[PDB]
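**Student:**
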Amino acid sequence: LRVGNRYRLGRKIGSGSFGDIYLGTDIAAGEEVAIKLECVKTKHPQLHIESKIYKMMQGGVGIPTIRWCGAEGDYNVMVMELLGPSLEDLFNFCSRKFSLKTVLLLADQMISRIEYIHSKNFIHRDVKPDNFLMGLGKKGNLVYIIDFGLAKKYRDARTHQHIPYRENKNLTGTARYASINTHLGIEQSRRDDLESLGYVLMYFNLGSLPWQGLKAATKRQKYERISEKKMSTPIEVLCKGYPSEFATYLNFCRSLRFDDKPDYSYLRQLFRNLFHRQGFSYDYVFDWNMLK
Ligand SMILES: CN(C)CCCS(=O)(=O)N[C@H]1CC[C@@H](n2cnc(-c3ccc(F)cc3)c2-c2ccnc3[nH]ccc23)CC1
Numbered sequence: 003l004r005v006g007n008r009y010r011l012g013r014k015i016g017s018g019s020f021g022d023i024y025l026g027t028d029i030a031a032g033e034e035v036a037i038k039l040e041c042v043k044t045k046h047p048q049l050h051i052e053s054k055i056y057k058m059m060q061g062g063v064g065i066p067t068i069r070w071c072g073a074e075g076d077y078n079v080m081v082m083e084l085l086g087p088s089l090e091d092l093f094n095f096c097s098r099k100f101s102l103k104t105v106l107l108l109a110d111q112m113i114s115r116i117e118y119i120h121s122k123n124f125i126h127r128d129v130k131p132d133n134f135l136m137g138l139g140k141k142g143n144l145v146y147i148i149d150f151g152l153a154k155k156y157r158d159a160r161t162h163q164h165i166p167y168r169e170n171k172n173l174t175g176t177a178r179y180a181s182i183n184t185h186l187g188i189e190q191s192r193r194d195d196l197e198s199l200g201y202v203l204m205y206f207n208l209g210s211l212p213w214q215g216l217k218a219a220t221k222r223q224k225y226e227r228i229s230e231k232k233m234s235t236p237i238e239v240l241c242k243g244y245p246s247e248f249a250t251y252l253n254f255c256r257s258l259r260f261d262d263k264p265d266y267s268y269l270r271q272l273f274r275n276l277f278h279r280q281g282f283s284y285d286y287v288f289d290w291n292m293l294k
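Just so you know, we're using the authors' numbering here: the sequence shown kicks off at 3 and counts up by one.
1. Residues in the same chain with beta-carbon distance under 6 Å from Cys241, minus the five sequence neighbours each way, listed in chain order, please.
2. Measuring straight from C-alpha to C-alpha, what distance separates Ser121 and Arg192?
3. Quick one: give me the first and last residue of the alpha helix (DSSP H) that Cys255 is part of.
4. Closer than 7 Å to a non-hydrogen atom of ligand 1 - does that hold for the CB of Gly18?
5. Helix or strand or just coil, what does DSSP make of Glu90?
6. Closest by CA to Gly200, which one among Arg270, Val79 and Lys155?
7. Assess contact between the region 250-269 and the region 76-86, defined as three or more Cβ pairs (one per stretch) separated by less than 8 Å. Is contact present?
8. CB of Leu276 to nearest heavy atom of ligand 2: below 7 Å?
9. Any heavy atom of ligand 1 closer than 7 Å to the CB of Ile188?
10. What did DSSP end up calling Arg192 once you bin it into helix, strand or coil?
11. Among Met136, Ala73, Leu108 and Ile182, which has the Cα closest to the Cα of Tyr284?
12. At a cut-off of 7 Å, would you count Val5 as near ligand 1, judging by its Cβ distance to the nearest heavy atom?
13. Touching or not, the region 171-185 and the region 225-234, by the rule of three or more beta carbon pairs under 8 Å?
14. Can you give me the Cβ contacts of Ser53 inside the same chain, cut-off strictly under 6 Å, excluding the 5 residues immediately before and after it?
15. Please go through the region 21-102 and give each complete beta strand (DSSP E) segment of 3 or more residues, from N-terminal end onward.
16. Only counting the same chain, and skipping five residues up and downstream in sequence, which positions put a Cβ closer than 7 Å to that of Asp289?
17. Any heavy atom of ligand 1 inside 7 Å of the beta-carbon of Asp149?
18. In or out: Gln190 buried (at least 16 other Cβ within 10 Å) or exposed?
19. So does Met136 have its beta carbon nearer than 7 Å to some heavy atom of ligand 1?
20. Using only alpha-carbon positions, find the residue among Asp149, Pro87, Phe134 and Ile119 that is nearest to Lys38.
21. Beta-carbon within less than 8 Å of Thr67's beta-carbon, same chain only, minus the 5 sequence neighbours each way: which residues are those?
22. In or out: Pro131 buried (at least 16 other Cβ within 10 Å) or exposed?
23. Label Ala36 either buried or exposed according to how many other C-beta atoms from any shown protein chain fall within 10 Å of its C-beta, with 16 as the threshold for buried.
24. Among the residues of its own chain, which have a CB less than 7 Å from the CB of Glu34, if the five just before and after it don't count?
25. Please go through the same chain and pick out, in chain order, the residues whose beta-carbon is closer than 6 Å to the beta-carbon of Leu92, but skip the five residues on each side of it.
26. In or out: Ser17 buried (at least 16 other Cβ within 10 Å) or exposed?
27. Using C-beta distances below 6 Å, list every residue in its chain close to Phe277, excluding the 5 sequence neighbours before and after it, in chain order.
Below, the structure is given as structure tokens:
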């Protein structure tokens with residue numbers, strides 16, 4: 003099917019926080035693209051809201067370029083430059099084992115993406131391996147962040163007024179990577195995006211997390227059981243047998259005040275110093291690059 007007069011819509015490659023993802027073609031420029039379709043007659047319309055967030059992020063390192071946004075037949079449409087596999091897919095493909103070097107390469111960029119998003123007055127609130135994609139081709143060394151479906155302003159663009167402290171709030175993101183505060187029902191802010199990244203990095207290190215695969219009656223009960231496990235697992239127990247840097251990072255995030263601007267620089271320098279002790283070079287040879 004034609005889309006925006008110059009895009010041909012391919013096959014469904016997967017699914018977003020809302021809407022389905024297709025792998026299409028920019029017929030005119032001969033480039034493969036990604037196309038998010040959302041039903042026009044949907045009760046909870048978002049794509050246009052999401053689009054405006056992607057538009058504010060344009061020109062950022064590790065932000066996918068919008069090609070086109072429109073309505074066509076039954077569908078609202080966003081067309082992005084095509085990106086590669088997610089870190090969840092690359093991790094599955096690497097038998098759920100990343101070398102310390104890959105974890106440190108990823109962590110350096112991922113902190114930087116989260117910092118760029120915070121600089122544009124938004125929190126992500128669904129930091130998880132699925133929402134980081136590697137580029138293709140010459141961009142194969144770049145971690146991209148995607149999916150602003152659950153994202154939200156934390157400060158007014160002009161006044162930089164932080165949102166107010168609120169409690170009694172639905173766990174909206176992914177339970178596995180949620181901050182301890184998020185489980186307590188506190189409004190997500192910058193520190194929470196970074197805590198989540200912290201649980202994502204330890205997931206990369208361990209192959210899983212201790213609160214992963216908990217049985218219960220309902221989703222509601224499972225979340226409580228995850229909260230209970232997270233809060234009763236000390237950070238030094240989670241990170242036992244891994245470099246102290248992972249523990250130091252999570253401790254620093256758990257220390258951050260609701261409205262604190264995090265020291266992104268410090269946290270990058272944390273893993274950079276360890277990178278240098280380990281004698282690794284920043285040559286962007288990830289584990290999946292070594293497969294043959
Ligand atoms: C349990 N299993 C079955 C579910 C796991 C979830 S999944 O669906 O397999 N995960 C992948 C789906 C595609 C990917 N993705 C999600 N949204 C966009 C997107 C595309 C266009 C757009 F305008 C806005 C956003 C993409 C995506 C896919 C490929 N290239 C991309 N260039 C920019 C986004 C993107 C995330 C990774």
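Ideal Cβ positions, reconstructed from N, Cα and C, are used throughout, including at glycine.
**Tutor:** Walking through what the data contain:
1. Position 239 of the sequence shown, counted from the first residue, corresponds to residue 241. Excluding sequence neighbours, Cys241 sits near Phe248 and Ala249.
2. Numbered from its first residue, the sequence shown carries residue 121 at position 119. Numbered from its first residue, the sequence shown carries residue 192 at position 190. Within the model, the alpha-carbon separation for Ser121 versus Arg192 is close to 10 Å.
3. In the sequence shown, residue 255 corresponds to position 253, counting from 1. Where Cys255 is concerned, the enclosing alpha helix (DSSP H) starts and stops at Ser246 to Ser257.
4. Position 16 of the sequence shown, counted from the first residue, corresponds to residue 18. It does: the Cβ of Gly18 is within 7 Å (strictly closer) of some heavy atom of ligand 1.
5. Position 88 of the sequence shown, counted from the start, is the residue given in the question as residue 90. Reduced to three states, the DSSP call for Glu90 is helix.
6. Along the sequence shown, one-based indexing puts residue 200 at 198. By alpha-carbon distance to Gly200, the top candidate from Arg270, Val79 and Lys155 is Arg270.
7. Contact between the region 250-269 and the region 76-86 is not established, with fewer than three Cβ pairs separated by less than 8 Å.
8. With respect to ligand 2, the structure shown offers nothing to examine, as its ligands consist of ligand 1.
9. For the purposes of this step, residue 188 is taken as the residue at position 186 of the sequence shown. No.
10. Counting from one through the sequence shown, the residue named residue 192 turns up at place 190. Look at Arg192 here: in three-state DSSP terms it is helix.
11. Numbered from 1 along the sequence shown, position 282 holds the residue referred to as residue 284. When the alpha-carbon of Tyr284 is set against those of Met136, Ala73, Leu108 and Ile182, the nearest one is in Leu108.
12. The sequence position of residue 5 within the sequence shown is 3, counting from 1. Distances from the CB of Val5 to the heavy atoms of ligand 1 are all 7 Å or more.
13. Because the criterion of three Cβ pairs below 8 Å is met, the region 171-185 and the region 225-234 touch.
14. Against the sequence shown, residue 53 aligns to sequence position 51. Once the five neighbours on either side are set aside, the close Cβ partners of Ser53 are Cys71 and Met80.
15. Along the region 21-102, the beta strand (DSSP E) occurs as fully enclosed runs of 3 or more residues at 22-28, 33-41, 68-74 and 77-83, listed in sequence order.
16. Taking the sequence shown and counting its residues from 1, the one referred to as residue 289 is at position 287. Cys96, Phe100, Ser101 and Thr104.
17. For the purposes of this step, residue 149 is taken as residue 147 along the sequence shown, with counting starting at 1. Yes, since a heavy atom of ligand 1 falls inside the 7 Å radius drawn around the Cβ of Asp149.
18. The residue given as residue 190 occupies position 188 in the sequence shown. In this structure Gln190 is buried. Its beta-carbon is surrounded by 16 or more other beta-carbon atoms within 10 angstroms.
19. On the sequence shown, residue 136 is found 134 positions in, with the first residue counted as 1. Taking 7 Å as the cut-off, one finds no heavy atom of ligand 1 near enough to the beta carbon of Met136.
20. To locate residue 38, count along the sequence shown from 1; it is residue 36. Answer by Cα proximity: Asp149.
21. Counting from one through the sequence shown, the residue named residue 67 turns up at place 65. So the qualifying residues of the chain are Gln60, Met82 and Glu83.
22. As a position in the sequence shown, residue 131 is number 129, starting the count at 1. Its Cβ being crowded by 16 or more others within 10 Å, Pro131 is buried.
23. Residue 36 sits at position 34 when you count from the first residue of the sequence shown. By the neighbour-count rule (16 or more Cβ atoms within 10 Å), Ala36 is buried.
24. Mapped onto the sequence shown, residue 34 falls at position 32. Excluding sequence positions up to five before and after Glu34, its CB lies within less than 7 Å of the CB of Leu25, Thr27 and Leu84, all in the same chain and listed in chain order.
25. Here residue 92 is taken as the residue at index 90 of the sequence shown, counted from 1. Spatial neighbours of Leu92 in its own chain (CB-CB distance under 6 Å, excluding positions within 5 residues in sequence) are listed in chain order as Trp290.
26. In the sequence shown, counting from the first residue as 1, residue 17 sits at position 15. With a threshold of 16 other beta carbon atoms within 10 Å, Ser17 falls short and is exposed.
27. Locating residue 277 in the sequence shown gives position 275, where the first residue counts as 1. Within the same chain, and ignoring the five residues on either side of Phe277 in sequence, the residues whose Cβ sits closer than 6 Å to its Cβ are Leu106.
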